[PDB]
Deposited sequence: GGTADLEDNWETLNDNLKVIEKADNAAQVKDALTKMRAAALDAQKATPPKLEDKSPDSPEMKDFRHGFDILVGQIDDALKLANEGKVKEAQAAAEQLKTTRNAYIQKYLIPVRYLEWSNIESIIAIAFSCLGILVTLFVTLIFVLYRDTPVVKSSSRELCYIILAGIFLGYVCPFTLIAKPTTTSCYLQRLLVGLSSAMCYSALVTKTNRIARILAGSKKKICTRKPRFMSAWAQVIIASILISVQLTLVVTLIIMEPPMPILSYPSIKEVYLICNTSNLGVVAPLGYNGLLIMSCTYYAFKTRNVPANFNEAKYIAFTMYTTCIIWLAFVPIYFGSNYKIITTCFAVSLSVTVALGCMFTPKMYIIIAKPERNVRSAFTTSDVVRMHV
């Protein structure tokens, strides 16, 4: 029985605490190794319907591989004579029991796909991905047409890729926390927005520099210059997010905010959110400055007025996200809607007018 195998495991760890000889550790470790392997070959009833080679069933067994591996490390020091170092390894076994195996042994709550809020979020993302791919295809098909050629094409592609990845974020956020889902959400949430606003601050800054009324040919105006500038700004976020993923490796952890419920969530720190959020905020603030400066520019069917109201909305979304995310226990769904709403604003305000002039009024397109 797996319920009694976990009892032998816990009671033998207590023997290490009150150990006053080498024989009281070696016996309690060998007995613990056999009790851990007996629990590994078992299946918890919440995984009884799952395939023996399902990701959860693989992760369940892997938790015991770490644990049995740690028992081998403790028996190495004990058989050597260094029983003092083997005694300290007992506390390392307790932390393993919580971070890899406990989630499979106690009732753990987490955000399901079944929840109305996550059904709305994923339904909205499917529409988002569909409309984004629709927009992208029209942009690609009407490549050489004067409506799309006149704007920064390569930069609009980065914006669309950022918007697309923005709609992918809820799938990684609503998915039951796994090392992979925790990795991807940190990467995708940080970079999706950074891609949009890195290309947008490049686009709007270029528009602000264009605002000038013999002369000299202006630099960093080229399509390649724009892509390079945007790429350096995105790479700042990529460096920031990846460095944090390295020093704070993504993991599913058990949170205890409620007195009765145990919640399975990602181990993402405040720093893991504030550092990339602050950089996205820096881009959104830079964007809005240039968007406002050029709000009344009538060039490209009042393209600038649409960027301006995209930016005022994004500012409000960002400003609302900080107290909602840091002041409430709705962190997953808040992130979901902050990303999906901010990217919908951009897709809607910035691309719907262009689509209209292309797929509904092609006489004004020429």
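- In sequence order, the gaps in C-alpha coverage of the deposited chain fall at 1 to 4, 218 to 222, 376 to 389.
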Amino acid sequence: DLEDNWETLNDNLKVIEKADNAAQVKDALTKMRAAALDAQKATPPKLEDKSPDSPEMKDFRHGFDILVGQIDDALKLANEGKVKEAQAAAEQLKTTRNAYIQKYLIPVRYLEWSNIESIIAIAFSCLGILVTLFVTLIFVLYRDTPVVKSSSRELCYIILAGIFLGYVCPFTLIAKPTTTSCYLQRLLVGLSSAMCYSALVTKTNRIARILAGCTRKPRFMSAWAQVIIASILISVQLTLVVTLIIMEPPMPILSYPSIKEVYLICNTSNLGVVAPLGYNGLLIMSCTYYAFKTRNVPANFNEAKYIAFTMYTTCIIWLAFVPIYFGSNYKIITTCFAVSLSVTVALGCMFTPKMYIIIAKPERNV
From here on, numbers count along this sequence of modelled residues.
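- The mean Cα B-factor in the deposited entry runs higher for 33 to 41 than for the other of 314 to 322 and 33 to 41.
- Look at the C-alpha B-factors of 262 to 270 and of 96 to 104. On average they run higher in 96 to 104.
- Out of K217, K293, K176, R186, it is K217 whose C-alpha atom has the highest B-factor in the PDB entry.
- Comparing the listed residues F309, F337, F64, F301, the entry records the largest Cα B-factor for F301.
- Ranked against the other modelled residues of its chain, the C-alpha B-factor of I332 as given in the entry falls in the lowest third.
- Sort the modelled residues of the chain by CA B factor and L155 lands in the middle third.
- Compared with the other modelled residues of the chain, the Cα B-factor recorded for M350 ranks in the middle third.
- Among all modelled residues in this chain, the alpha-carbon of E112 has a temperature factor (C-alpha) in the middle third.
- Ranked by C-alpha B-factor against the other modelled residues of its chain, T288 falls in the middle third.
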